[PDB]
Each structure stands twice: as C-alpha cells, then as structure tokens.
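S.K.: Requesting a structural model of the entry that follows:
(chains A, B, C, D, E, F, G and H)
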Amino acid sequence: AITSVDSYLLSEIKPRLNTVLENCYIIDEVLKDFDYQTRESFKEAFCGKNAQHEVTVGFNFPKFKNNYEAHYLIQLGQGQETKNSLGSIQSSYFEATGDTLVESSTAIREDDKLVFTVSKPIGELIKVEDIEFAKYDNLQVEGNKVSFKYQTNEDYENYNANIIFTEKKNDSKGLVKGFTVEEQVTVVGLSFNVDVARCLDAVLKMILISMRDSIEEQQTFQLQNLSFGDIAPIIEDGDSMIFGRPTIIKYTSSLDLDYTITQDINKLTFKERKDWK
Amino acid sequence: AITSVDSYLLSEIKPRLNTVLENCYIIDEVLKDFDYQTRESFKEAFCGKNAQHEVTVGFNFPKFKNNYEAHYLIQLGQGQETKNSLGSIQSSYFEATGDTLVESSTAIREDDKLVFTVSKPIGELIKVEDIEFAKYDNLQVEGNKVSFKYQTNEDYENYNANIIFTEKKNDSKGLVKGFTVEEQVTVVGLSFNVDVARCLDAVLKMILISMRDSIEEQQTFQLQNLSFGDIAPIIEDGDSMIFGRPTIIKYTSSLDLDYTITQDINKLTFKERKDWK
Amino acid sequence: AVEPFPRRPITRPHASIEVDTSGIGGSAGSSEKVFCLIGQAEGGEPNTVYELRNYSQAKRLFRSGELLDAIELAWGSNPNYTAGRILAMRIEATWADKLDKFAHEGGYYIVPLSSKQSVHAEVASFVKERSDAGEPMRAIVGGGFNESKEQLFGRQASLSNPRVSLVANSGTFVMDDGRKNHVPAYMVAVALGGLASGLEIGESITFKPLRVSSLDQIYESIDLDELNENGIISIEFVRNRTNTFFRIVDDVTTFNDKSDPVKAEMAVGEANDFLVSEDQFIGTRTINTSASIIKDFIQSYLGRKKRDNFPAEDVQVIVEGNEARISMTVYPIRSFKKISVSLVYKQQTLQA
Amino acid sequence: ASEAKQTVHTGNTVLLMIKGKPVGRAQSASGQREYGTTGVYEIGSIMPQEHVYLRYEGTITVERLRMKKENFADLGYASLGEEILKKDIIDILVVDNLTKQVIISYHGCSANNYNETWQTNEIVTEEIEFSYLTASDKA
Amino acid sequence: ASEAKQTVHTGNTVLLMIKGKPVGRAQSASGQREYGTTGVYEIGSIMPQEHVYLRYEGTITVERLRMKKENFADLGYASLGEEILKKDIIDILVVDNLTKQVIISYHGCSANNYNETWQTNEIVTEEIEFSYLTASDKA
Amino acid sequence: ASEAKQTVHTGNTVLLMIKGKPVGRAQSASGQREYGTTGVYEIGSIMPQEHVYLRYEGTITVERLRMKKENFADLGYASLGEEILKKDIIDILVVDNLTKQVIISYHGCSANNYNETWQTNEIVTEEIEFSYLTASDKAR
Amino acid sequence: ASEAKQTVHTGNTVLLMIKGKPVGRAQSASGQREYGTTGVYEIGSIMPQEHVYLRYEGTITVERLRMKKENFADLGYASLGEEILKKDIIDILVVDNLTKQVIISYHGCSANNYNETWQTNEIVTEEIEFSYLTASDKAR
Amino acid sequence: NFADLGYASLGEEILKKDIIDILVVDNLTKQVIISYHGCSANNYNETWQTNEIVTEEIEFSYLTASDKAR
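M.R.: Numbering: from 1, shown residues only, chains lettered A, B, ... in the order given. See below for the structure:
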C-alpha cells in the first residue's frame, strides 16, 4: 500500500503511552535506574489514575499552544527508495487481500460442526491460535466463518481462540507493483523541566521496544532503527527554556499498488488447417 | 534524442492527476492509511467531478500568483553523464526511425487479405497485440498498412487489435552518436494546509508508481529513483505559512544525435594490371 | 456406454461388474465410393433405385437397353480393379424429383445418361443440394456424338460448377457380346465415372488408360491444351510408340481456377471430401499470459512430444475474449501433374 | 520521447516468469554458458589450426528476498530434503515487461544448490542455482 | 497498515530455537544445501541429455556473541574437547516470531567446528557449524 | 530429472540384497564375466576363421563399511576359519529400489577371499569376493 | 552421532592388543584371508559345476610409529636375527574400545617380515607381517 | 586418415601393402633430418570419446635409419 509512518506512530504511541501512564509499577520498573527523587517526582506528577498533570502527543506546526510541561512532538522526516524488484513485481495474487487482522472468537456447535465466526470475510487464514488440525478434522473456511468437525472434538464445544487472518476485497487477479522505501520520523519529548525530558526519553524508548512486536510493524514498517540526539534547549527566550532530546525512528517499508489484470483465459482450442501450396 | 525531463513530467503528471481526481474510489484506496477525517476532508474538497477546489501543476518561477491551496511545483535539477559507448556509438540504423507509438486498429478485408491501417508509415512493427503469425499467414508490412492473409482467418474479418510500432523519418543510413545522462527533477506539493500537503505527497507517489509502466519511461527515462525531503514551511512570513514535502525523481536516459552517412557503395570492381618491371 | 452388471441396481451386499467395451469398437472406416446411374431401360420398375452387384443381376432386373450397356462399360473400363457395387434406376421433362430418390442412397459419383443440357443443370443443382448437406457428391457429364470445341466451351461455361466435369470425346467400345457399339460421349463419361469409383480415395484418373477401340475425333497437342485449360476432360491417342493406347489427359473440372486446387482438380476435391482431421492447460495455473508465451509454451510441448515421437514458423496463435485459437498448418497428399528435369552435361578427366 | 532505435533492458523492463506466474521480489538472475572450445595444434607450427566445440554447459542463478509466502520452497521449485528426487524439470522464462514477449527461455532447469541467510539487520535472502539442458530465444 | 500479500522475513521477524529455548544474541544463521547434480553426456551430441541427483549435502552455520552464561559450551551444544564423542544429534528450528510457527527445521545437526575470537575493541564472538541429515518445513 | 524418470540407473536407484534382507552400508559391487573366447586359425590365412566359447568364469566383489553388528561374519555370509567348510552357496540380488523388481541375480556364490582394514581416523572397511556359477535377469 | 550410537566401527572405537597389553601408536592393521577356492569343470559344459575350498591361508599386517621404548623388538614380539628361532606363536586381538569385548582374534601368528624406515623430517615407522593359523570371533 | 591414404590396414589389405619410408624434415629448409627406411606396420589403434577429438595411433617396425634420404 501507500503508507504514512507519521500517522502510524501517532496512532500507536498515544494508546500505549496512556496505558503505561495509568499503570504505576510499569513506570516504577522503567525508571529504576534514575535518581530516587526524579523517579518519585515523575511518578507522583504524571503517573497513575489520579495524575493531575498529563502528557500529550501530536504533530508539529499546530496553530495553538501546547502542553509544554510534557509533550511528544512527532515530525515526519526524510526517506529514499532502497531496493527494487525485477519488473517492480513486489508480489502477485489470485484474490485481492486486505489488511492482516487478529480477532478473539469462541467456538459454537452448528449441525455437528464446530464453527468460529469472524467479523469480516476471510481472504486467508494464517493461524487459529493453539490448534493444528488433522485432515480428519475436515477444516474448511467459507465466507466469514471457519468450520471444524464436531465428532471427535465435543470437549471443545465452547473453546475460546484468537484467529489471525486477512480480509479479502474482491475476487480478482493482479500484480502488486511497487518498491521498498527507508524513511525517518523524528520524535522529541518537550519539557521545561530537564528531568521530565529525560524521563520522557526513557518512556519513549520503552514504548518503541514494546512496539517492535506489534503486527503493524512486523508485517510492514520493518527494521526499526533508533538514533538519539543531544539534550538541548528547543526554545531559549521565554521566561524559561524548553528542553528536549530528539530521537529518530527509521523504518523500511513497501510502497505499492494493486495493478488488477482483467484478462483471463479459460479455454485453449486447437484447429488443423491444410496447406495445399 | 535530446530530451527534457521537466516537460515530460509536466505532460505526464497533468492528465494522470486529473484522471485520478475525477475518480473517487481511487483516492479512497490511495488514502486508506490516513486518518478518517483527513481522508474524507480531502475527498470532499478536491475529488470527484463536483469538486469545488482544484489542484494545479506548473514549473517554478511564474510571474503570477498560484493556487497555493494545492499546487505541484516542478523544478528541473542537476545531472551528469554516467556511461559512454566505444566510439560514442549508441546504435546504428539502416532506416531513420522515429518515436515508438501504440495505436488501436481494426482488421478489414481487402482483396482476400486482412489489413490493419495505421496513422503513420511503419518504420518497424514491434507487436500486433494478441497475434503471432505463421509463415503461412504471409505477414507483410507496406507503407502505413499491415497486411495479413484472409483465407484461413475469415472469422477474424473485423478483429480489433492494438499495434505497437515506430515511425520512420526517411530511408537513410547513419550512426546514433551520444551518451547516457543521469538527471534529477524535484517536485513539491505546496499547500497552506499540512494535511493537504501530506495527501498530495501520497497521490504523487501513486502517480509515479503508475508512471513506471508507461512506454515513455520504459523506452527512455529508465531507472526512476525516488528520494523524499522533510515537510517544512516553504514560505513563512505571510498571513500564513505555506508547507511542502519535496520529492526528487532521478532518471537515466540517452542524449544522442542521428549522424547520417551519405556514403554508399553498391559495386566492387576488379582489374588486373601487369608489371613488366 | 459402460454396461452395469446386473442391470438392476442392488443395495444389499453384493459384487457388481462394470464392462468397458469401448476399447474394441470398430467399423469406423469410410464408405466405399459407390457409383450411381440414371437412364433408360426395359423391364425394371421405373423410378426405383436398385443396388446391383454383378452383370447377371443387372440383366436379370434390367434388360434390352442403354442402362445395361452403361453398367457393362462401368465394369469394363477397369478390369484390373475391384468391381464394386453400382446403384441404378430406370427412368421411364423434370428429373429433380427422381434425383431426390438418390438423396439417402450412399453413392458419391452420378452420371445422367443424357446429353441434354437441362438434365446436366438439374444434376448439378442436385449435387449442390446434397453436397452442401452432410453427404458429398459429384457428377460427370458428356456431349453428343460429335461437338465442336466452341460448343464444348459454351456448354462448360453454361455448366461451370466445381462438382461437374465435362468429357469431350466420343468413340466405340467393343462389348462383351462382340458388338462394335458406337456410343455418345456420355457413355465415355460413364466409363470414367466407373474408373474413378474403382480407384482409391484420392487417386486420380489422369494418365490412366481407357479401353476403347476408337475415337470419333483425335485432338492434337494444342487442342488438348485448349480443352484442358478450359476445364474439359479429353482423351489422347498416344502415337509415340508401336504400343498405341488411349490415355485420359486430366481430371479437370468445369470450374477452372488457378488459385484453388480443391475446385480445379477432381481428385483433391475428393480427398477433401474424405479426409479426416485430428490437451488443455488453463490460465488459472498462471498469473498472466500473452500469445507470445502461449506460442512458446505450445512449441516447447510439441518439441518434447516430437522428441519422444513442430516448426515454429508453422503455428499461428490468436487470443481473443478469454479464448486462444491455435492453428497449425498441415500438408495433404496431392498427385504429380508436372515433372521438371534439369540435365547438366559435365565432363571428366580420366587418367591411367 | 521514446525511441526504439536505441534501447537497453533494465531491471524494471524485464519480468521473470516460472510456470506462468511472475516471481515477486527477485533481486538478480545470472545466466552463464560454456561450449568447451578446444584449440587444435600439430607438429609444424605453434599456431592454432582450428577450434572445436566439445561440451555445452550452462547455469541460471537467481537471488530473491525470502517472502513469507510463495517461497521457492512453498512454490515447490526448491527442495529442502529428499523430495528433490520428485521434482520434474521446469522452464524459466525471462519476458519483456511492456510487450509480454519472451526474451530468453531456459529449458530443463534442475536445481544444484539452495541457500537461505538469516541476518539481524537485513531482509532474508533466498538464492538458488539450476543446471539447464538448453536455452533459446524466439522472435 | 499491515499486508500479508507481500511480506519478507527480517532479522526481527524470526526466532531461532534449540531444544525449545530461544538462542539469545544470535547474529546470523546460514543454511547451505547441495544435491550433487551431475550432467549426462554421450557420443553423438555435445548437449547434456539428462541431469541426475547423486549426493545430498548441507550445513547450518551460526554466529553468536559469547554470553557470560548459556554459551553453546555451557548449554552443551558445542564441545571443546573429547566430550564431542558424547553429544547426541540435535534439531535446530527457525520459527516465525509472530505466529510461533516453524519456518524451517534442520534435523540431525552434528558439529563440524567451533570458534571463539577474543579481541580488544569488540564483543567476543562464537561461531559454530553443523552438518545435518535433512531439512524440512511443515505448513 | 525425477528418480522415476531417469534413463540411467544410479546408486540410489538400486538395492543390494542377500537372503531377502537389504545389505546395509554397501559401498560398491563389481561383477566380472569371462567366456574363454578363443580364435581358431589354420594354414592358408593369417586371420581367425571363427571364435568359440570354451570356459565360463565369473566373480562378484562386494565392499562395505564394517558395522558394529550384522557384518558378513556376524550374519554368517563370510568365514574366518574352519567354518568356511560348513557354509553353502548363496544367491546375491541387485534390485530396483522403487519396485523391488530384481535387476540381476548372481547364482551359487561361493567366497574366494575376505579382507579387513583398520585405520587411525577412518571408517573400518570390509571387502569380500565370491565366485559364482551363473547370472540371470531373474531370480531362481 | 555419539560414539555409543555409531553403527560403523571407526579407528577410535577399536583397540589392538597383544598378550593383554594395548599396542600403542598403532597406525594401521590389514587382515587378508584366502580359501584356495577352485572351480571344477568337465566335458559337456563350459560352466563350473561347483566350487570347492582347497587351502586356507591368511596374513595380518601391522604398521606403527616406532617408539623410543616398547617397540616390537623391545617388547619381544619381533626378531632381528637368530632370536626368531626362539620366538613362539602369539595371539593378536582387535577389541572394542568401550567394552573391551573382543571383536577379532588372530590365532597362532608367526612373523613373515619386519621393516623399518628412517627419514630426515618424519616420524620413524615400523611395519610387521605375520602369517596366522586361524581367526575367530572370540578369544582362544 | 592413414586408412584413407592407404598407409594403414584394417583387414586382409595388410597383405597387399608394401614397405614405406617415413621422413622427419626441417620445416624451414625441407632438408631431411631423419629417414626411417622400410617401415612395416605392427599395430593400429583408434579411440572414440564423448567430448574429445578422435585419435589414431600406429606403430611400424623398420629396417634401418639414416641421416639422409634413400
């Protein structure tokens, strides 16, 4: 697909940041190496459900004033194409497949089959969690349902699973045409307190490490590489300075389009014609 | 030939940009990764036949004011010669050949031949779409017509085809003398709305991917390579800033001239002369 | 079809045998070229098509008439060949209603025993009406006892048809009773039709002999060429030897065209009327295709097959509308009409 | 401007196809070919008198990024174990991207070796080498 | 956005597992494989008539930073001395990190050589090479 | 080419069998055959007038890596001492590995010699040579 | 595979022993055996009617690096001069290195020849050949 | 070949050969270096190989040799 690393990072960082900040022992583990007073002051101010201060995330160049006490500024950077395929063919498909998804589901009995229901039509099934079927189990997929023989499996009549699958758009042939790009985004934790900037740096590094395992950047946005700048005053001529430490996140990812092929051939036919010269 | 990458890009981008913008589901596919509100706002403003705003394309340094809401500025860059031939002979020809062309045509019966008519004299025929002739078919080309034996082919008496061919200028011999150049052009999508700049970037990347398959840059302008700049304010001291994200498109192409040779030799002749010393 | 044994189905425990007989079926070969005649006779029941198998049966049914002399010539011109079946009908004016009766009698050559041009046009129309159906036919016709070249040309032009041939000459046959029977040219046409019926499928009557005692007119080489080029069959008196004999010059047809053998020459038309004509892989196995890779694939296939057991210049491929037609050239067996000898005199040094 | 009188093939101009499917993310193809040309020498001169062809040999080597699906192993063209004994020969086509027209065919390919490299800062790479019976082009 | 229709394995996507423990700080794995493909020739043509498979061979090579604990020597997979004679064959699994699903199995690994490099500006490196009886994948 | 499609036999396409059990670790087998073919000459020509067969002889040699069990000595197909006198003749088969169809039988094999070699850093080897009475395309 | 699990014997899996002491520095041993097998022929057929054993013969060769002590000459297993007449026949065992179970005994060995070689820049070598009476899977 | 030039024999024709002289000669001057006189064939040999040039070998016994032609 076409991709937007900045909007991915914003969407991914915001919930993760919230869920760490609402959970005191995570911060208590992340900041174990800092000075005791720095740790306790940060945990008192920003952390837990009762926290009176708050962190914020957003893109650069807003028209309004931000929470300069603690704010992650996201800042889309450079990139370049790095590797190309022969014919620019990144892949080919017989059935137009959408995004990868993971969904929780439960088995139910139906007509002496077990079935799992999924919210969308299954374009491909990658994994039913914790199950490997035998041929006897007569595994079949149909529409948005996975179906599974009941006879030997009655103990599992309400078994709970996670389905990893991917959507289908439509039944069509085509070529995925495109290339790989290596692209940079900068993130900086702004604070007018230097110890807050240093803690926001630690929290962001933890978040990015945790992010490396996510399906989003396992399937796309691969090879996350991190670089770190000096701590410096970002703005120097207010009533106080604003400090930050930049980090650069670099990703390798595919830019591509679905070139559908309308041509289809369903019968050869043969004829002999005679040359009398 | 001598070539002008900037004018090629302008001529190629403008129709493609128009044809994407008049087609809503293409934009809906290109922008699938953006935030929902960004996507819907862009599609409402610039997209579809009823679109009240418009995008524009043109070279840098005009004397008039541009559509700073959304404008692709094209900006001819550096280049250098990269590979040379021995004797600078890029090729040689027995018949001065023009540009490559693709044209739709239909068969017609004439004097128990099938013929395809083409708008210009055929200097070389590369492909008749979806046909491979046998020797029995007595394939012949003459002037601006392709001709094809009727006897066994009567079912195809109105067959519709695409002809890929190239013009001839004249019947003359010569050497194509020249070299290869690697050359850069910059393109930037200007907007005073940052989300519009980001969408114009996505649309331009899609357009360039689609462009890679065109005959123009398959035959010339090969090895398209893309680089991307930061998003930044291009102008900063109006009532509002103007933003853009540059992209650099690099192409490898041939610069050459037709050195015609007037010398022709059509008979050797032999003589013996006697040395009496 | 596959036969079930028992024919009745059964559900209780049992064995059943299914028999595939299809590996043994036969008799799929051609018809023979049965010959057909219509004309005057005594005795036979008029407008009834009789099969005849020998001259005794003919003289038993038909008597005392020109149809029996025709049957005699029809088996007398080809004594060194199989004397096959003949179909014959006594006709007691329109002839189409009678010719209709042959429509489902499986015979390939017909001759009317009449010189009248209306008859010949009717017969040509009948041959057309049959041959455009599933049952091909041909006819042979002749003039009277002596007709000029310009009369023969006028007749051929009026009767110009790719399934009718005109024979020019007339002559005398020695009958098995010893009678020196002088006959009009359409009986010579019966004799040629008999020979053509006796010959194999896609053999040709050119340069075959005619066992005739004399001819009313002897044509010199220029007249033989004139008649041949006009699509008229003529008989040559071979004089270059002490063993003189009569030779059928050619099997030409009253439609003459240089651009198509099948309509010009009777034997290749017959071959086309009797010739016989003789694997799939589907695009779902591949992401995209073109006529170029279809051609290269089928060339690789037939290369492998011909190694185990075709020229790339001789296969054509057209793809249209999800369908690909692959057309091979094939070469049928013709018969020589021209031999060209280039004779070069060299000389040689002997040494001893 | 687009001219035919000079043009060269490039990585973007050429499709690689096997069994009528394009090979995605192929990084290179290398075709090599040898005829065993042997020079003839004799008493009476140091010069070669003649050259003779004695033994044809050739290989096609393909490098590819290891996809998560439709690997050479998943496609079945490669072999990891004894099932190499059950793979029939395959034909590899190199095809013009614009015209869909065959540039060169490698016929009767048979695998010599198969490699995978797993490395910590890189995409995983497949590489495979086939011996082939002959090569040809058609025009 | 995450798409399956194109995806490649990368150093971060793939776990290496031995005896059901992941190998920490593994830097590379290199799998190599050979079938002994031999061409058949005869009097009457220079062309190869056929190819035959005659001898399977393969190796797995692993480079690793030498940890202070759970080295290949401490894990027992490597051998420094005569105790190599007492190590049974082991199976090395390369496994998808997301799905925990086996990508390729190397069966019957047996050590060829073992190296350690101690150097003054670098982390210490282990490297080991095994011969294996076969490889397979299951799906 | 697939093993099912190779035109030539190869070591993997064949098995060696004795008394219906496969001979493991077989490294090589060599089969030799002589007919005693002798040319006849006479006064008046320098050239052989014909050739005639006189005496058939043949030997089959088998070489193996020595196993810790099921050696020829352990299986009773070879002899070390007096026990040679209590052996009897055996049939050795070379067999298609796919179909288990016999390719060659050697009939009535009797041992000529038996040999062993021990080395510092190599696998131990066995070699055995049998003379045989006849050979056939089929089993007895 | 572990040494306890190898199917084939190898040089490290076996020991060479004489008079109950291990033979050090042993480089190789070669054991050969012949039965005199002779084919019988008769008038009326070109083919051997049967094979018969006539004369057993066998030799065991041992090769070593020459030690500074405990050579064959020093240990009294070889002879240089008249002392050969005062030797007597010995048994040589090849033995499983793990279990010390006997693999082969050669019985009644008597020396045929004894050989030495000296070289500028190599280890000195000994080679000895014994003829023997019989061999067995077991000790005497 | 020797068979084509009549310097070698394959069958009975050996009886109808007669003795020949073989010269080794200076390539510049065409002066004789060695003559072998009265050569008569002992054996003649051919070998065919899949991917090599075909070879002939012939051996003659001879009566005498000289620094000069006969």
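
S.K.: Next, residue D:27: secondary structure please.
M.R.: Under DSSP: H, G, I helix; E, B strand; the rest coil, the three-state class of residue D:27 is strand.

S.K.: quick one, what contacts it?
M.R.: A:83, A:85-86, D:63-65, D:125 (Cβ atoms under 8 Å, 6 or more residues apart in numbering or on different chains). Using the backbone N, CA and C atoms, a C-beta is placed for each residue, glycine as well.

S.K.: what's the answer for residue D:114, then?
M.R.: Residue D:114 neighbours (Cβ under 8 Å, 6+ apart): D:72, D:78-80, D:126-129, E:33.

S.K.: ok, for the most centrally placed residue in chain A, nearest residue in space, not its chain neighbours?
M.R.: In chain A, the C-alpha nearest the mean C-alpha coordinate belongs to residue A:216, at 2.1 Å (Cα atoms, centre = their mean). Nearest residue to residue A:216, sequence neighbours excluded (Cβ to Cβ, 6 or more residues apart in numbering or on different chains): residue E:2, at 5.1 Å.

S.K.: for residue C:92, same thing?
M.R.: residue C:46 (4.2 Å).

S.K.: Which stretches in the stretch 51-200 of chain C count as strands?
M.R.: C:86-90, C:109-112, C:138-142, C:164-167, C:171-174, C:180-183 (DSSP state E, counting those that start in this stretch).

S.K.: Restricting to C-alpha, output the first one in PDB.
M.R.: In other words, strand C:86-90. Taking Å, rounded to 0.1, in the frame of the first residue of the first chain, the C-alpha atoms of strand C:86-90 are listed here in PDB:
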ATOM      1  CA  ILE C  86     -23.500 -49.800 -58.500                       C
ATOM      2  CA  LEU C  87     -26.700 -48.000 -57.900                       C
ATOM      3  CA  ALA C  88     -29.000 -47.700 -60.900                       C
ATOM      4  CA  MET C  89     -32.500 -46.600 -61.600                       C
ATOM      5  CA  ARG C  90     -34.700 -46.900 -64.700                       C
END
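
S.K.: Who are the packing partners of that strand?
M.R.: Secondary-structure packing of strand C:86-90 (3 or more Cβ pairs under 8 Å, 6 or more residues apart in numbering or on different chains; DSSP states H and E): strand C:35-39, strand C:49-52, helix C:66-76.

S.K.: got the angle between the last one and strand C:86-90?
M.R.: So that's helix C:66-76. Angle, helix C:66-76 to strand C:86-90, by axes from the mean of the first three to the mean of the last three Cα atoms, to 10 degrees: 170 degrees.

S.K.: any residues touching helix C:66-76, and which ones?
M.R.: Taking Cβ under 8 Å, 6+ apart as the rule, helix C:66-76 contacts C:35, C:37, C:39-41, C:44, C:52, C:55, C:58-59, C:62, C:83, C:86, C:88, C:90, C:111, C:113, C:173, C:175-176, C:181, C:183, C:187, C:190-191, C:193-194, C:197, C:211.

S.K.: Give the buried residues for it.
M.R.: For helix C:66-76, the neighbour count (16 or more other Cβ atoms under 10 Å in any protein chain shown) marks C:66-76 as buried.

S.K.: dump the residue contacts of the residue of chain D found nearest chain F.
M.R.: Of all residues in chain D, residue D:85 sits closest to chain F, at 4.4 Å by Cβ to the nearest Cβ. Residue D:85 sits next to E:53, F:2-3, F:12 when contact means Cβ under 8 Å, 6+ apart.

S.K.: List just the nearest of these to residue C:217.
M.R.: Nearest to residue C:217, judged by Cβ to Cβ, of those is residue F:2 at 75.5 Å.

S.K.: how far is the helix or strand hosting residue C:262 from where the chain is centred?
M.R.: Assigned by DSSP states H and E, residue C:262 belongs to helix C:261-264. Put simply, helix C:261-264 sits 12 Å off its chain's centre (Cα atoms, centre = their mean, to the nearest Å).

S.K.: Which neighbouring elements make contact with it?
M.R.: For helix C:261-264, the packing partners by 3+ Cβ pairs under 8 Å, 6+ apart are helix C:266-274.

S.K.: and the helix it packs on, what does it pack onto?
M.R.: Using 3+ Cβ pairs under 8 Å, 6+ apart: helix C:266-274 touches strand C:138-142, helix C:261-264.

S.K.: quick one: contacts for the closest residue to chain G within chain C?
M.R.: Distances between chain C and chain G by Cβ to the nearest Cβ are smallest at residue C:308, namely 41.7 Å. By Cβ under 8 Å, 6+ apart, residue C:308 lies in contact with nothing.

S.K.: shouldn't residue C:223 be in contact with residue C:148?
M.R.: No: look at residue C:223 against residue C:148 with Cβ atoms under 8 Å: they stay out of range, at 10.9 Å.

S.K.: that older thread, so which of the helices and strands packed on helix C:266-274 is the most surrounded?
M.R.: strand C:138-142 (a mean of 26; mean count of other Cβ atoms under 10 Å in any protein chain shown).

S.K.: Who are the packing partners of that strand?
M.R.: Against strand C:138-142 (3+ Cβ pairs under 8 Å, 6+ apart) you get strand C:109-112, helix C:117-131, strand C:164-167, helix C:185-198, helix C:266-274.

S.K.: What are the contacting residues of stretch C:151-161?
M.R.: Contacts for stretch C:151-161 (Cβ under 8 Å, 6+ apart): C:117, C:120-121, C:124, C:127-128, C:141, C:143, C:147, C:166, C:168, C:227, C:230-232, C:254-255.

S.K.: swap the cut-off to 10 Å and go again
M.R.: C:115, C:117, C:120-121, C:123-125, C:127-128, C:138-139, C:141-144, C:147-148, C:164-168, C:185, C:226-227, C:230-232, C:234, C:252-256, C:263 (Cβ atoms under 10 Å, 6 or more residues apart in numbering or on different chains).
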